[PDB]
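In: Need coordinates for the below:
(one chain, ligands or ions: 1)
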Amino acid sequence: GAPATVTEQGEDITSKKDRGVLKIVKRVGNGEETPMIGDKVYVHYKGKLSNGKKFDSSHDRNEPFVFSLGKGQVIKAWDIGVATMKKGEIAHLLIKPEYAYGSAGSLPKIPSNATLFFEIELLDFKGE
Ligand SMILES: COc1cc2cc(c1OC)OCCCn1cc(nn1)C[C@H](C)COC(=O)[C@@H]1CCCCN1C(=O)[C@H]2C1CCCCC1
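Out: Numbers count the residues shown, from 1 in each chain. The relevant structure is shown in the block below.
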């Protein structure tokens, strides 16, 4: 299903071309701007371990997930991936641990060396 599709077909959006962050655009967005470092960004998301065994969503809190891009408030893979997204876009990301929580992990939610999958909808972004 979705994570395997991203393995198979996604674009490697890493600078190092190490396949650490793979992307598919699932729904195309509007306009020419993409976020840049410093922007306040608003998303809805659905995440899970690519194994499938935990499944976290902004909708579980009935409100958008808000963060400042490139301020290390989210994992490196979000700073990289959301920077590529247009407003209204829905994208699938598949993320190696190097761009997420690494060999240390983040227990109890995230084990060591975890690959992560997200669907992200970019709702809006505003310049600091
Ligand atoms: C490692 O801890 C969590 C990881 C994740 C969600 C968490 C975590 O809290 C213990 O709580 C969800 C409550 C809302 N929320 C999200 C954040 N802050 N509050 C950003 C997090 C502090 C860091 O999260 C991230 O960088 C990414 C991207 C933004 C959305 C949440 N992220 C996660 O890694 C999720 C994770 C997704 C895979 C399945 C388990 C939860």
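
In: Does the helix or strand containing residue 48 reach the ligand?
Out: Element membership for residue 48, per DSSP states H and E: strand 40-49. Yes. Applying C-beta under 6 Å from any ligand atom, one finds that strand 40-49 is in contact with the ligand at 45, 47-49. The way it works is simple: take the backbone N, C-alpha and C, and place the C-beta from them, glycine included.

In: Nearest residue to the middle of this structure?
Out: In the chain, the residue lying closest to the centroid (C-alpha atoms, centre = their mean) is residue 78, at 4.1 Å.

In: ok, residues contacting the host helix or strand of it?
Out: Element membership of residue 78, judged by DSSP H and E, is helix 76-83. Outside of helix 76-83, the residues within contact range by C-beta atoms under 8 Å, 6 or more residues apart in numbering are 13-14, 20-21, 23, 34-37, 41, 43, 67, 69-70, 72, 91, 93, 95, 99-100, 116, 118, 120, 122.

In: what's the answer for stretch 30-49, then?
Out: Looking at what lies outside stretch 30-49 - C-beta under 8 Å, 6+ apart - the contacts are 54-59, 64-71, 79, 82-88, 110-111, 114-128.

In: got the CA positions of it in PDB?
Out: Extracted as PDB, the C-alpha positions of stretch 30-49 are listed here (Å, rounded to 0.1, in the frame of the first residue of the first chain):
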ATOM      1  CA  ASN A  30      -2.200  26.100  -6.100                       C
ATOM      2  CA  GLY A  31       0.300  29.000  -6.800                       C
ATOM      3  CA  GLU A  32       4.000  29.400  -7.200                       C
ATOM      4  CA  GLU A  33       5.200  30.000  -3.600                       C
ATOM      5  CA  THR A  34       6.500  27.200  -1.400                       C
ATOM      6  CA  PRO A  35       7.300  27.800   2.300                       C
ATOM      7  CA  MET A  36      10.700  29.000   3.300                       C
ATOM      8  CA  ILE A  37      12.700  28.800   6.400                       C
ATOM      9  CA  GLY A  38      11.000  30.900   9.200                       C
ATOM     10  CA  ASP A  39       7.400  30.600   7.800                       C
ATOM     11  CA  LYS A  40       4.500  29.700  10.100                       C
ATOM     12  CA  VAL A  41       3.100  26.600   8.500                       C
ATOM     13  CA  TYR A  42      -0.400  25.000   8.900                       C
ATOM     14  CA  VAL A  43      -1.000  21.300   8.000                       C
ATOM     15  CA  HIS A  44      -3.300  18.400   8.600                       C
ATOM     16  CA  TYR A  45      -1.400  15.100   8.800                       C
ATOM     17  CA  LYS A  46      -1.700  11.400   9.200                       C
ATOM     18  CA  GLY A  47       1.500   9.600  10.300                       C
ATOM     19  CA  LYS A  48       2.500   6.000  11.200                       C
ATOM     20  CA  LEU A  49       5.500   3.800  11.600                       C
END
